[PDB]
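Summary of structural features
Here is what each chain is made of, one letter per residue.
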Amino acid sequence: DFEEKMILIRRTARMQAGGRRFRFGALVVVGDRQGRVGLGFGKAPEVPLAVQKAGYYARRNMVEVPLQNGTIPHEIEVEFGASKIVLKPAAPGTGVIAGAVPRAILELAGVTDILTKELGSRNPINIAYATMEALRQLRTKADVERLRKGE
Amino acid sequence: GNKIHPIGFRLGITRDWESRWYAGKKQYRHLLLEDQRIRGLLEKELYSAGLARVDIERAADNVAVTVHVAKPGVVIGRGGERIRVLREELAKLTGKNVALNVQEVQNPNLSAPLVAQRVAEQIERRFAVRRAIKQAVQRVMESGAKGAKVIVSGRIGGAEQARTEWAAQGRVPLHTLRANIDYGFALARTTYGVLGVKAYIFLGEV
Amino acid sequence: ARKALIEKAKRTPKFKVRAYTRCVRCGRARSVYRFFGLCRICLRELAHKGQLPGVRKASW
Amino acid sequence: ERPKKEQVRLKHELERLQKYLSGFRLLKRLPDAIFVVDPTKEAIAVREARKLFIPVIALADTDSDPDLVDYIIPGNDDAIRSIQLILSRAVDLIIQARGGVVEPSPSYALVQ
RNA sequence: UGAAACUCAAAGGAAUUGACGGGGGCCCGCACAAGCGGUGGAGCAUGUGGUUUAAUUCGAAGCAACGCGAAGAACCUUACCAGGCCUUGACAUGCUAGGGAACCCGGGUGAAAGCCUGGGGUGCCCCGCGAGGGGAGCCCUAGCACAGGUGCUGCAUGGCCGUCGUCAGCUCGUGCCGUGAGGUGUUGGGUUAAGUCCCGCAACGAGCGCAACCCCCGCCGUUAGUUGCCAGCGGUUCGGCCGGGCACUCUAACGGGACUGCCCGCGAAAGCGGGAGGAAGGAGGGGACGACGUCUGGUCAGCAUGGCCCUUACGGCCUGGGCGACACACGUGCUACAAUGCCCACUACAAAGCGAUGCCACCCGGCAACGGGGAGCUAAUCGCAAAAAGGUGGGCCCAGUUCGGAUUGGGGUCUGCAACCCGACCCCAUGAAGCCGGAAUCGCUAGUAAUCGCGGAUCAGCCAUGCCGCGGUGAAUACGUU
RNA sequence: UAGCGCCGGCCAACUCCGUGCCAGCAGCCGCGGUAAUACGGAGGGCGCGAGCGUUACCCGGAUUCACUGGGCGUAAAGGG
Ligand SMILES: [Mg+2]
Ligand SMILES: [Mg+2]
Ligand SMILES: [Mg+2]
Ligand SMILES: [Mg+2]
Ligand SMILES: [Mg+2]
Ligand SMILES: [Mg+2]
Ligand SMILES: [Mg+2]
Ligand SMILES: [Mg+2]
Ligand SMILES: [Mg+2]
Ligand SMILES: [Mg+2]
Ligand SMILES: [Mg+2]
Ligand SMILES: [Mg+2]
Ligand SMILES: [Mg+2]
Ligand SMILES: [Mg+2]
Ligand SMILES: [Mg+2]
Ligand SMILES: [Mg+2]
Ligand SMILES: [Mg+2]
Ligand SMILES: [Mg+2]
Ligand SMILES: [Mg+2]
Ligand SMILES: [Mg+2]
Ligand SMILES: [Mg+2]
Ligand SMILES: [Mg+2]
Ligand SMILES: [Mg+2]
Ligand SMILES: [Mg+2]
Ligand SMILES: [Mg+2]
Ligand SMILES: [Mg+2]
Ligand SMILES: [Mg+2]
Ligand SMILES: [Mg+2]
Ligand SMILES: [Mg+2]
Ligand SMILES: [Mg+2]
Ligand SMILES: [Mg+2]
Ligand SMILES: [Mg+2]
Ligand SMILES: [Mg+2]
Ligand SMILES: [Mg+2]
Ligand SMILES: [Mg+2]
Ligand SMILES: [Mg+2]
Ligand SMILES: [Mg+2]
Ligand SMILES: [Mg+2]
Ligand SMILES: [Mg+2]
Ligand SMILES: [Mg+2]
Ligand SMILES: [Mg+2]
Ligand SMILES: [Mg+2]
Ligand SMILES: [Mg+2]
Ligand SMILES: [Mg+2]
Ligand SMILES: [Mg+2]
Ligand SMILES: [Mg+2]
Ligand SMILES: [Mg+2]
Ligand SMILES: [Mg+2]
Ligand SMILES: [Mg+2]
Ligand SMILES: [Mg+2]
Ligand SMILES: [Mg+2]
Ligand SMILES: [Mg+2]
Ligand SMILES: [Mg+2]
Ligand SMILES: [Mg+2]
Ligand SMILES: [Mg+2]
Ligand SMILES: [Mg+2]
Ligand SMILES: [Mg+2]
Ligand SMILES: [Mg+2]
Ligand SMILES: [Mg+2]
Ligand SMILES: [Mg+2]
Ligand SMILES: [Mg+2]
Ligand SMILES: [Mg+2]
Ligand SMILES: [Mg+2]
Ligand SMILES: [Mg+2]
Ligand SMILES: [Mg+2]
Ligand SMILES: [Mg+2]
Ligand SMILES: [Mg+2]
Ligand SMILES: [Mg+2]
Ligand SMILES: [Mg+2]
Ligand SMILES: [Mg+2]
Ligand SMILES: [Mg+2]
Ligand SMILES: [Mg+2]
Ligand SMILES: [Mg+2]
Ligand SMILES: [Mg+2]
Ligand SMILES: [Mg+2]
Ligand SMILES: [Mg+2]
Ligand SMILES: [Mg+2]
Ligand SMILES: [Mg+2]
Ligand SMILES: [Mg+2]
Ligand SMILES: [Mg+2]
Ligand SMILES: [Mg+2]
Ligand SMILES: [Mg+2]
Ligand SMILES: [Mg+2]
Ligand SMILES: [Mg+2]
Ligand SMILES: [Mg+2]
Ligand SMILES: [Mg+2]
Ligand SMILES: [Mg+2]
Ligand SMILES: [Mg+2]
Ligand SMILES: [Mg+2]
Ligand SMILES: [Mg+2]
Ligand SMILES: [Mg+2]
Ligand SMILES: [Mg+2]
Ligand SMILES: [Mg+2]
Ligand SMILES: [Mg+2]
Ligand SMILES: [Mg+2]
Ligand SMILES: [Mg+2]
Ligand SMILES: [Mg+2]
Ligand SMILES: [Mg+2]
Ligand SMILES: [Mg+2]
Ligand SMILES: [Mg+2]
Ligand SMILES: [Mg+2]
Ligand SMILES: [Mg+2]
Ligand SMILES: [Mg+2]
Ligand SMILES: [Mg+2]
Ligand SMILES: [Mg+2]
Ligand SMILES: [Mg+2]
Ligand SMILES: [Mg+2]
Ligand SMILES: [Mg+2]
Ligand SMILES: [Mg+2]
Ligand SMILES: [Mg+2]
Ligand SMILES: [Mg+2]
Ligand SMILES: [Mg+2]
Ligand SMILES: [Mg+2]
Ligand SMILES: [Zn+2]
């Protein structure tokens, strides 16, 4: 129902007497291009089944994202153990400038202006997971004063 | 790497003799020889309709020829031509009394030799092997059936190396006698040559 | 010598000695049963196909 | 139909089929909350519930993890005394909030 | 303390799945142990390596190639070789042109194929009374399209098959776990032939496997009475031959019957042990059945097929040869080395199966094989049939023997046009190595091994000791899992 | 006047013949051992255009000397 877009479909494998069989990684992002977004990573002995499966998980794990005219509120750095990612706010006409992964994220996020970089590791998977969290830690001016109130 | 022909395995049960009559140490040899070539000519001019099974009967110049088809219209014509022309050309080459009976096929999606000749085509017509094979099953299963399985083998996509693509859904106990599992086979010619096709349809039981 | 092979197998232009069997289908020369007029292999296929009256899987 | 043989197992199933489901089988939707006797013990449930954002309530001794319970019943929970007392009034509360309050089932003798 | 040139596309950490270990634990299979017989020695048969040849066609390669394709190589077969001959063909479809119908018969020729070639002949369609011709089939011959290829690639491939292995395994859906490959489930306690079942459990359940449903064999009942039966009476050329009957035998369909069901013990259960009853018990015996997948296994020579290559020839025909060569090496086999035996006479007890120009009863002739006559039988009716080992009687007396029957000579029958190369059998004579086999090695756990015959596929006949199946007599031994 | 680079992956652009570990390609990974989207020619396509490619060197990527902005149990690294 939202939008759909996969980042990669790798074929892993495994040993076993007489040969090797393979499952199939499949990372997919999904979003309404309007704040609601969710990432998903499915696995199965079939490419289609795999993407299909990533679809189910995608809409499950979701996250609202505080969009200021297509940009992000404040800048944030979030290290998912291995890799690390930066995210910066930018005026209209800047565009989504990032590696292929965080793009899928931010694009299907409804984001349209943002400076970013992948420092550290770069494993697509981990950078994925990383960004999700990062957005999941963005906070609107309200959230701030709302917590910083406690009336 | 074995697997006997499910049919021959269920001969004393389930699947009856496609050709069924009787003779002796003098006739069997020819009656079969002829019976065969008759089925051959029918495979030729008749497949164009979904020629699956082709039952046969004989004894003393009597000859049944009940040919079951998914599209009977093509074996009949408009009212007595396509059906008759064959009766003609048939006995026009046999010294016997024929009878080109025609049954229908209430549902092709439940007849292996049909499912087979089907997926056998799309490959010849160069198409998505995985997709098509998997679709045939999801057709046969969605079509209401207790089990189904289909498999090609050869140069899938036209690669150098051989291969074989597996696909099946719902129970298909090939080891059990009380099972009735329509078996289907079909060729497939391409630029890169031969390609086998197999079909299995678990239906009845007990 | 395989097409002209099977033709000569019918003619017997000379002594009945040169008369020899021939699988009706495969055109095999050896392992041909007089009863079916067929080679061992093809018949295995027909028997499985059920296209052989009475012929049935034996076991005892 | 059904030979004597099939009857045996087939029925035997039903027994344990009930031996675990008889009390869960009346649930058909999907719980709105979960009452738990000892949190730490059946903490596996708490996790299932928690993830599905189902509210947690439970009796819990000191051997317990107070923070992951949404509505806590601190106190003994290894002895029949506290357990029967809590569940009693708890259910009576449910019945009363509903309609037709009565008198607690056998349990005081069960206490012996 | 501490470089460089040069050079590499890695070096490397942790974790994952799997394979391997002269690591471990639990467990199994004629795996070893126990035990019986046997190959390796000899002769011969058969396949293979090698060499040889004009050619000795090709494939198969440790287990899982080697009596394997080949369930029948004198010519056929035949893919090889030599020589003779055709070169739109031995077979397909088509287009077209000239002559003849179709069809049948012959002669010269040659090794046969093939090539030269006389005769008979004149049907069916159109026009016409005829003539004459034109049209169909069919053949000669011309041409084109095209045939044909057991020529190559199984490392292009379908199909089929071998194999690990009848091993108990392989895996899926959702959930949960892990950044992830992945894990769980499937593990763990008990149980079994078994992922058999119980029990437990972050899993719950499902699928292909195992079992069960199908066939044979064991006990018994139903239906059927041209097999068997004096069971029972009567007649008897005293033979179940005639009457008579189906009971029993048997023939073949269908059904009963066993399920740890019952008793007793242990056990949470599953199950286990022992007892009865029972023809049969803990899967009663034998079959069919062989998972995901493994081996760039096997096979393009069964057939099919991508590509390639040939095209008066890499195609086709005949005659002859070869596949059967022999200084040699191995694999499977047969017959033996003799007294628990060889011989000869005479007498008895099966099964499954096959057979109407096939099985051939009986007579005749022959030492014989085999031939001549000849009845029956499309067959639970007649026939291949004598089963053989067994049983009783006689002979040999420890020897290369009356053991053993190889080799060679001589004479003969039968198949098939033809038995030089190359068949099978008969009779006489000839009578070989071999006195139980080095290092090494195979089979089998009970109606089994050993042993003894009978049949069948193939096929004119047969190089069958081979294969597939059948019954007869009928053991030994398994303390144990190092 | 219209030219040049490229069309296996990074990287936008696919077929055919030839070829056969040779002729050759190459920036990294690799490609060619009779059937190559990777050699070479062709047809077609992508890119740029009075240019297009190559070689050389500088900064970038390189948070690979880390001030911004890294590390040192086992990966290179705690001094006995
Ligand atoms: Mg919408
Ligand atoms: Mg929407
Ligand atoms: Mg879509
Ligand atoms: Mg996850
Ligand atoms: Mg789903
Ligand atoms: Mg909000
Ligand atoms: Mg928000
Ligand atoms: Mg770090
Ligand atoms: Mg990288
Ligand atoms: Mg990396
Ligand atoms: Mg938020
Ligand atoms: Mg918010
Ligand atoms: Mg077809
Ligand atoms: Mg079509
Ligand atoms: Mg088949
Ligand atoms: Mg012959
Ligand atoms: Mg033959
Ligand atoms: Mg058929
Ligand atoms: Mg509810
Ligand atoms: Mg609900
Ligand atoms: Mg708190
Ligand atoms: Mg009490
Ligand atoms: Mg240094
Ligand atoms: Mg240095
Ligand atoms: Mg120096
Ligand atoms: Mg191994
Ligand atoms: Mg052994
Ligand atoms: Mg055994
Ligand atoms: Mg031993
Ligand atoms: Mg020996
Ligand atoms: Mg020897
Ligand atoms: Mg050998
Ligand atoms: Mg010489
Ligand atoms: Mg060959
Ligand atoms: Mg050879
Ligand atoms: Mg042979
Ligand atoms: Mg020649
Ligand atoms: Mg012609
Ligand atoms: Mg023309
Ligand atoms: Mg002549
Ligand atoms: Mg004359
Ligand atoms: Mg006419
Ligand atoms: Mg007419
Ligand atoms: Mg006319
Ligand atoms: Mg007319
Ligand atoms: Mg007329
Ligand atoms: Mg007229
Ligand atoms: Mg007239
Ligand atoms: Mg006239
Ligand atoms: Mg006409
Ligand atoms: Mg005509
Ligand atoms: Mg192979
Ligand atoms: Mg194959
Ligand atoms: Mg295994
Ligand atoms: Mg496992
Ligand atoms: Mg597992
Ligand atoms: Mg344990
Ligand atoms: Mg099971
Ligand atoms: Mg009886
Ligand atoms: Mg009497
Ligand atoms: Mg009397
Ligand atoms: Mg009496
Ligand atoms: Mg009588
Ligand atoms: Mg019963
Ligand atoms: Mg019990
Ligand atoms: Mg007992
Ligand atoms: Mg049994
Ligand atoms: Mg068995
Ligand atoms: Mg079974
Ligand atoms: Mg292979
Ligand atoms: Mg080979
Ligand atoms: Mg070939
Ligand atoms: Mg070929
Ligand atoms: Mg071909
Ligand atoms: Mg040539
Ligand atoms: Mg030439
Ligand atoms: Mg006679
Ligand atoms: Mg006689
Ligand atoms: Mg005489
Ligand atoms: Mg005779
Ligand atoms: Mg005679
Ligand atoms: Mg009789
Ligand atoms: Mg015979
Ligand atoms: Mg004796
Ligand atoms: Mg004596
Ligand atoms: Mg001597
Ligand atoms: Mg004489
Ligand atoms: Mg000696
Ligand atoms: Mg002696
Ligand atoms: Mg014999
Ligand atoms: Mg014979
Ligand atoms: Mg024999
Ligand atoms: Mg360029
Ligand atoms: Mg570029
Ligand atoms: Mg591209
Ligand atoms: Mg060259
Ligand atoms: Mg070439
Ligand atoms: Mg090429
Ligand atoms: Mg190549
Ligand atoms: Mg390139
Ligand atoms: Mg090129
Ligand atoms: Mg161009
Ligand atoms: Mg300019
Ligand atoms: Mg630089
Ligand atoms: Mg630099
Ligand atoms: Mg820098
Ligand atoms: Mg660092
Ligand atoms: Mg430190
Ligand atoms: Mg260093
Ligand atoms: Mg110090
Ligand atoms: Mg110091
Ligand atoms: Mg140090
Ligand atoms: Mg020092
Ligand atoms: Zn055949």
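Residues numbered from 1 in each chain as written, not as in the entry; some residues may be left out. Chains lettered and ligands numbered in written order. Part of a larger assembly, values for the part shown. Heavy atoms only, no water.

Structure determination for the deposited model, as stated in its record, used X-ray crystallography, and the stated resolution is 3.000 Å.

**Concerning the overall build of chain B**
Assigned secondary structure in chain B consists of 6 helices and 10 strands. Taken over the C-alpha trace, chain B has a radius of gyration of 18 Å; the compact-globule value for 206 residues is 17 Å, and the two agree within 12%. Structurally, chain B occupies a C-alpha span of about 50 × 40 × 30 Å along its principal axes. Evaluated residue by residue, chain B yields a buried proportion of 42% over its 206 residues. One finds the centroid of the 34 positive side-chain charges in chain B at a distance of 5 Å from the centroid of its 20 negative side-chain charges. (Helix = DSSP H or I, 4+ residues; strand = E, 2+ residues; numbered from the N terminus. Rg over C-alpha atoms; globule rule 2.2 N^0.38 Å. Buried < 20%, exposed > 50% of the residue type's maximum accessible area, 1.4 Å probe, protein only. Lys, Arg positive; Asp, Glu negative; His and termini not counted. Charge placed at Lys NZ, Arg CZ, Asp CG, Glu CD.)

**Things to note about the interface of chain C and chain B**
At the junction of the two partners, chain C supplies 18 residues and chain B supplies 16 residues. With both chains or domains summed, chain C and chain B bury close to 1700 Å², and 62% of this area falls on carbon and sulfur atoms. Per-residue buried area on chain C facing chain B is highest for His48, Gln51 and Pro53 of chain C; these three make up 36% of the total on that side. Summed over the shared surface of chain C and chain B, the number is 5 residue pairs in polar contact. When residues of the side of chain C that touches chain B are assigned to their parent elements, the largest contribution, 4 residues, is made by helix α2 (residues 40-49) of chain C. Here the residues of the side of chain C that touches chain B are counted per class, giving 9 nonpolar, 5 polar and 4 charged. (Contact = heavy atoms within 4.5 Å. Buried area = accessible area lost by both parts, 1.4 Å probe. Polar contact = N/O pair within 3.5 Å; in protein donor to acceptor, adjacent residues only side chain to side chain. Nonpolar A, V, L, I, M, F, W, Y, C, P; charged D, E, K, R; others polar.)

**Some words on unusual backbone geometry**
Of note, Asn69 of chain A is a non-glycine position whose phi angle comes to about 70°, a positive value. Here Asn69 of chain A is to be found in the loop between α1 (47-60) and β6 (76-80). Exposure remark for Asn69 of chain A: the relative accessible area of 64% places this residue in the exposed category. At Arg2 of chain D, a position not held by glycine, the phi torsion is positive, near 65°. Within the element layout of this structure, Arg2 of chain D appears in the segment before α1 (4-21).

**Details of the environment of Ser48 of chain B**
Residue and element names in this part refer to chain B. Within the secondary structure layout, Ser48 lies in the loop between α2 (28-44) and β1 (51-54). Owing to a relative accessible area of 56%, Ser48 belongs among the exposed residues under this scheme. Sequence separation between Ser48 and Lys71 is 23 residues; the distance between their C-alpha atoms is 8.8 Å.

**A word on the protein's contact with RNA strand E**
Near RNA strand E you find 89 residues, and of these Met15 of chain A, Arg189 of chain B together with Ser31, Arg40 and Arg44 of chain C are the closest. When atoms of RNA strand E within 4 Å of the protein are split into backbone and base, the sugar-phosphate part holds 78%. Between RNA strand E and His175 of chain B, the relevant distance is 3.3 Å, taken from a phosphate oxygen to a side-chain nitrogen or oxygen of the residue. Measuring from a phosphate oxygen of RNA strand E, one finds a backbone N or O atom of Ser31 of chain C at 2.6 Å. Among the elements that make up the surface near RNA strand E, the one with the highest residue count is helix α1 (residues 3-11) of chain C (6 residues). When the residues that make up the surface near RNA strand E are grouped by side-chain class, the tally is 34 nonpolar, 19 polar and 36 charged. (Near = heavy atom within 4 Å.)

**Section: the UniProt feature "binding site: Zn(2+)" in chain C**
Residue and element names in this part refer to chain C. The sites that carry the UniProt feature "binding site: Zn(2+)" are, in the present numbering, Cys23, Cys26, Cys39 and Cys42. A maximum C-alpha distance of 8.4 Å among these annotated residues, which run over 20 residues, shows that they cluster at one spot. Note on placement: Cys26 falls in the loop between α1 and β1 (32-33). In this structure, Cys39 sits in strand β2 (residues 38-39). (UniProt positions renumbered as here; feature names shortened; annotations may be inferred.)

**Quick word on the protein's contact with RNA strand F**
Taken together, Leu119 and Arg122 of chain A together with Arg155 and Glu160 of chain B form the complete shell of residues around RNA strand F. In the interface set of RNA strand F, defined as its atoms within 4 Å of the protein, sugar plus phosphate atoms amount to 36%. One nitrogen or oxygen atom from the side chain of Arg122 of chain A is found 2.7 Å from a phosphate oxygen belonging to RNA strand F.

**Details of the sheet that holds strand β7 (residues 83-89) of chain A**
Residues and elements named next belong to chain A. Ordered in space as β6-β7-β9-β8, the 4 strands form an open sheet in which the pairing is mixed. With partners counted over all chains shown, the strands left at the sheet margins are β6 and β8 (95-97), one partner each. Recorded for the sheet is a direction-independent mean angle of 15° between the axes of neighbouring strands. Alignment of β7 against strand β9 (residues 113-120), held across 7 bridges, turns out to be antiparallel. Bridging across to β9, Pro89 finds its partner in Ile114. Across the sheet, helix α2 (residues 100-108) lies against β7, β8 and β9, angled at about 145° from β9, the strand it touches most. Helix α3 (residues 124-135) contacts β6, β7 and β9 of the sheet and is inclined by roughly 140° relative to β6. (Pairing = 2+ DSSP bridges. Axes fitted to C-alpha atoms, helices over the stretch in contact; angles between N-to-C directions.)

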